[PDB]
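Okay, so here's the structure we're looking at.
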Amino acid sequence: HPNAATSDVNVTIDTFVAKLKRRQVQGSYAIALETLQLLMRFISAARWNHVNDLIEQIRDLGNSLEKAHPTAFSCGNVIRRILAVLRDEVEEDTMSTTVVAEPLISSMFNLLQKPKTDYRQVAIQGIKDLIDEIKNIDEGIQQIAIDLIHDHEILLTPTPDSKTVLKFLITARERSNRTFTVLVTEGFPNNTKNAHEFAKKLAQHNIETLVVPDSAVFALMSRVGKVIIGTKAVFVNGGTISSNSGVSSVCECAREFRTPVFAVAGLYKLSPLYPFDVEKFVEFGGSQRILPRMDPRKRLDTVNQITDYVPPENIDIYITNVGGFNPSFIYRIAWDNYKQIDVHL
Amino acid sequence: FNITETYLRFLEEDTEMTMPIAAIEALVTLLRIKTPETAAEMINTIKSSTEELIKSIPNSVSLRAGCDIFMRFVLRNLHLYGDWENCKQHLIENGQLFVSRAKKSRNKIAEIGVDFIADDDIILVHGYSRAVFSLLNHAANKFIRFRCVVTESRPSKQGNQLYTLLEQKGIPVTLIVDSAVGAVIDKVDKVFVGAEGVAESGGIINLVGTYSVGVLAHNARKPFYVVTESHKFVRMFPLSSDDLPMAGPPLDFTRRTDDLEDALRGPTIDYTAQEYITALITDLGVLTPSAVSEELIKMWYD
Amino acid sequence: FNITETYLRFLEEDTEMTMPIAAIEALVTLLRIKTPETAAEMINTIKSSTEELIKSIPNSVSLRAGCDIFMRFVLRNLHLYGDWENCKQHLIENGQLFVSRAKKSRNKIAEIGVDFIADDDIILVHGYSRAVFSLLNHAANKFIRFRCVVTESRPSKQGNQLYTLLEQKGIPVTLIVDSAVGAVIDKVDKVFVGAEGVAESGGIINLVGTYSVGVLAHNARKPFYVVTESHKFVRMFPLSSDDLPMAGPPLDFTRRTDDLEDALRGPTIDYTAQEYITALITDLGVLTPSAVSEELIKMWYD
């Protein structure tokens, strides 16, 4: 389905498409907020009267949105989240229009046994609840996370880019009973500016700040207590796509030294998609920022990548607003929020 | 009426009628003759026929697993306390519909599990399952670039059988021995496996050298794959590395011989732990670690 | 006079008088005819005959190592500036004395290396060498208890050959396949391996699946042995896991075939790193890691 029907009524579709492609929109948290407001505008303005035609139209809109931008997983997840909230209330509504429906638990196994209202209002409130969930994640993290780190323990941190992780670290430093040393890898080609702002905000709160070059990670791993990841997107198998540069090697460095790896994330950040290949999912950077002069750049074919991937073999905990989970369990948290059909849009 | 004889009739057939799906279809035919109206007369005689089937089994595991799912579906039928007749008609019909579901699942997986094989990747394939080879064939149908390495598995000589079936497709191959399989993990992108069963724990029930493959790959950090159709789940928990249901030898040491007759005896089926599997693929979505157990908990309701 | 023809004459012979020691004896016979006094006329023709021997080699390493030691001894003869006749007579005599030293070394090792096999220990043996089997036989002569597990090595079906040679002694055995070799490392006390060559680094030059054994044993924490006669040392340093001197294939991938002819091709000789060896046994005392390199530095004086 094209945007020929939604042009005069809905204009904000194409402005978000423009914000993605030229990267005017920044950070998964912000991308999610925009798509929420998009779906807010879609229900408030449209006229449908039919339900199944409506849902499949939303599916096509989400399909086009993910094809417009592949790194906008937070875009894809938010739509999928509302899709499932819709689908449950429709299945509840169809049981009343026809007239055990309660075997034991809330399972799966869709391959075994076979099969006017205020539905739109529920769809409205469903968006509102998603916003409030994205608004408050930190409160749900701090009650699980600030229980695992000890005094006189040294924390090494790749990806200082995450707003989520920094605020988790500041709530722990607020506790006068807890003392920790912070090592921060620079992440040269991208994270540099963000890493420097990270080091500034730690000094602002008076926490023992240590800026580390990306070479020196090994030269410290014997002294490191714990490793923390500022992830962008979490997956089915457990693994993460993080906010750029110098993570994968650090995680490899940690596993060899058997140093524990922590991850701070949200359920909206969590994705029901599977990373079959890193080759497709990871976005590559601009080599302009590395080396000047274009006549040597004929012979200097430089390689730089933004997003970095970590395999599930390294990290152990994904502390969310709900709680702490192991990578060998995170799939269930995902299926508790997104349906099996709501994957291939 | 016999059930073991009906399974024995599939000799030159196979391939389409998968080994468990043919045993499940044989279970439905035995059910539909002597009236499924009675639950005392029928279920007890179904249980006796499965027990007779297990007693006739030499080295198969999946037939026991397939029986369980059938049983489960039968019990779930009249869980709504519905008419003792429309529930019965739906039960008899779900025999041909069960075999038809093996085709639909294969249609699903062969489009899902081609994504894992990326642009120009050398694969070392071990074992033979109808799901893994269907991925390999329908990727060649998708016009994707991949190299193949054949493992010399020794049950009824499976490596040679695999090699010939790869020749019929049009994909370049060479024979690699399971002894030298360690010396290959550097020019191999990914290691794939087809399982005889998947454990309650999350481990694997497989052939004459699969654990050995799993460990070496864990050393080389190169990925290890399991691809199957979603019916090979038993409530089995092999506690140790060398403990499995057997009708033959669990490692026998023979006396001094001159004519040379008693020799071969070694563990033909071997287990590997949960940690060694990087990825698992079935029609029930894309899932690996704790997923298998959750499936079994959902089925057994215990 | 030929040297390759003299080596070809040993067909029904072999054993005790080893393959390298027969090549060294062939080197001495070629030397003693055409006057060993001249160092210009002879040494160049000795070098050409070794070069012709290397060109005729299909899959052997130890012949190149044995030539080196001979050369070294020849050069060391007239290191004392002695009579150009008494030093020559001592050089010719050290040919039959070299082969006689293979007897004395085997007499030493089979009394030293029986100590490693303790009271009632199950052994898994791979890669047949004359030194390791001589330990196995002279421990049975010592009346000690030991169980044996046969590995199905695939160069020219060596496992079956090993199994038959164990039957002629009176020690209980059973066939274990190299695929399933991972499933055995729990009931096996110790793993013994006989080498085709020992590296400058401290690694091993061996057969169609030995690295795979080395790694699995490192995972299972069960000891890994190397037992040989002290002549299999080359100034060789395989930098990587898959780099070796070959006359045949370094992993070939063949085109689409229907008649089935081009298949087998896999790495017949494989390297394992220094870390995987727990212990090494030769006649030059009881020593394992850097010991090999010290020996090589001591010989080459470089």
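Details
- When residues of segment A:34-82 are limited to those that are within 21 Å of the chain's Cα centre (by Cα), of a type in the set (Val, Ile, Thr) and in a helix (DSSP H, G or I), the one farthest from residue A:280 (Cα to Cα): A:82
- Helices (runs of 4 or more DSSP H) completely within segment C:90-194 that count 1 or more residues being in contact with a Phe, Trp or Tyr (Cβ under 9 Å, 6 or more places away or on another chain) and at positive phi: none
- Leading residue by the ranking (farthest from the other protein chains (Cβ to nearest Cβ)) among those in segment B:206-232 that are surrounded by 22 or more Cβ atoms within 10 Å (Cβ to Cβ) and in a helix (DSSP H, G or I): B:217
- Residues located in segment C:234-291, provided they are among the acidic types (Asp, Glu) and either surrounded by 12 or more Cβ atoms within 10 Å (Cβ to Cβ) or more than 19 Å from residue C:211 (Cα to Cα) (or both): C:242, C:252, C:258, C:259, C:261, C:262, C:270, C:275, C:283
- Total residues in segment C:141-156, condition within 12 Å of chain B (Cβ to nearest Cβ) and surrounded by fewer than 18 Cβ atoms within 10 Å (Cβ to Cβ): 2
- Within segment B:253-302, being among the basic types (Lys, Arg) and within 14 Å of chain A (Cβ to nearest Cβ) holds for one residue alone: B:298.
- Output for segment B:175-205, where each listed residue is within 30 Å of residue C:255 (Cα to Cα), more than 9 Å from chain C (Cβ to nearest Cβ), out of contact with any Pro (no Cβ under 9 Å at 6 or more places or on another chain) and of a type outside the set (A, V, I, L, M, F, W, C): B:194
- Some residue of segment A:277-284 being surrounded by fewer than 17 Cβ atoms within 10 Å (Cβ to Cβ), in contact with a strand residue (DSSP E or B) (Cβ under 8 Å, 6 or more places away or on another chain) and away from chain B (no Cβ under 14 Å): yes
- The number of residues in segment C:1-55 being more than 18 Å from the chain's Cα centre (by Cα), in a helix (DSSP H, G or I) and not aliphatic (A, V, I, L, M) comes to 14.
Neighbour counts run over all protein chains shown; Cβ positions are idealised from the backbone, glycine included. Every read-out reported here was derived from the displayed coordinates using simple, explicitly stated rules and does not represent laboratory data.
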